[PDB]
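There is one chain below, alone, in structure tokens, taken in the form solved without the partner chain.
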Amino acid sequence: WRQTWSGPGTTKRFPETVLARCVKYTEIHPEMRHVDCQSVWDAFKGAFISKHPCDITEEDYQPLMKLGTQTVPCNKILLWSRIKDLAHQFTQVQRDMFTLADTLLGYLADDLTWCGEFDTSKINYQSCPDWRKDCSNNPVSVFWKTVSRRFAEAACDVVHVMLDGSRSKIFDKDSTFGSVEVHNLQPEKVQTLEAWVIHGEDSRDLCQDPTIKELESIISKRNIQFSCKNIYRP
């Protein structure tokens, strides 16, 4: 039996959008011709269709992760927390830096919402679970959790993270960066995490904020060097 959820339903034209994005991505990036976009869509579907949308596991997304596997320039990863648009905008100018949005899976899934239901093979366009009001293990949250774990595992040498100085918690231990990514930067592989605290709020040294000291101690226990910089948005 189905229930009404508290969050928006699946983005209109979801199947066509994912397929069209996959076709566009594989055209631009020749390294990915070995991917059949029909196969990618099948695997995507099998992660959440005919499943209760609060019982989704990272394991459900493994077939899609396997088809969407992609080498990346591991020494040029730019992570970010709660500052997506500015991050992307930074990498359009500093072109040699690489974010999750530049990967196939991140490009396919950007700004979309999706879920299914236990009793049917249909996409639910009516509503989907809100992460706070309904459940954390919903199709969208678990997707981003899964790809993020894997993206952090891929990084090497010097990893950069853009953080937003205008947030109450500049570093939030409970965000995706703060839980999943920070704890999966691999001790040997990654030598340094360099944080960039962005101003646009208080205009003084924000690298001494309690939450940045938290971030420093977390990183430090994984045998990774930590650096911080105050940077000003134009």
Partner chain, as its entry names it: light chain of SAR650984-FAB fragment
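Positions refer to the first chain, counted from 1.
Gap check for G46 to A47: zero deposited residues are absent from the model. Stretches compared: 89 to 97, 150 to 158. Higher mean C-alpha B-factor in the entry: 89 to 97. Two stretches are in play, 207 to 215 and 13 to 21, and the higher mean C-alpha B-factor belongs to 207 to 215. Taking the PDB entry at face value, the top CA B factor among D42, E181, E201, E194 belongs to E201. When the CA B factors of the chain's modelled residues are split into thirds, the value for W80 lands in the lowest one. Among the modelled residues of the chain, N138 sits in the lowest third by CA temperature factor in this PDB entry.
When the modelled residues of the chain are ordered by their C-alpha B factor, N124 lands in the lowest third. Compared with the other modelled residues of the chain, the Cα B-factor recorded for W131 ranks in the highest third.
The same protein has a further form, the form solved in complex with the partner chain, not shown here; the description that follows concerns it.
Using a 4.5 angstroms threshold between heavy atoms, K189 counts as touching the partner chain in the bound PDB entry. By the criterion of a heavy atom within 4.5 Å, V140 is excluded from the residues contacting the partner chain in the bound PDB entry. In the bound PDB entry, no heavy atom of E201 sits within 4.5 Å of the partner chain. Using a 4.5 Å cutoff between non-hydrogen atoms, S121 does not count as a contact of the partner chain in the bound PDB entry.
Residues from 19 to 46 that approach the partner chain in the bound PDB entry with a non-hydrogen atom closer than or equal to 4.5 Å are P30, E31, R33, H34, in the order they occur in the chain.
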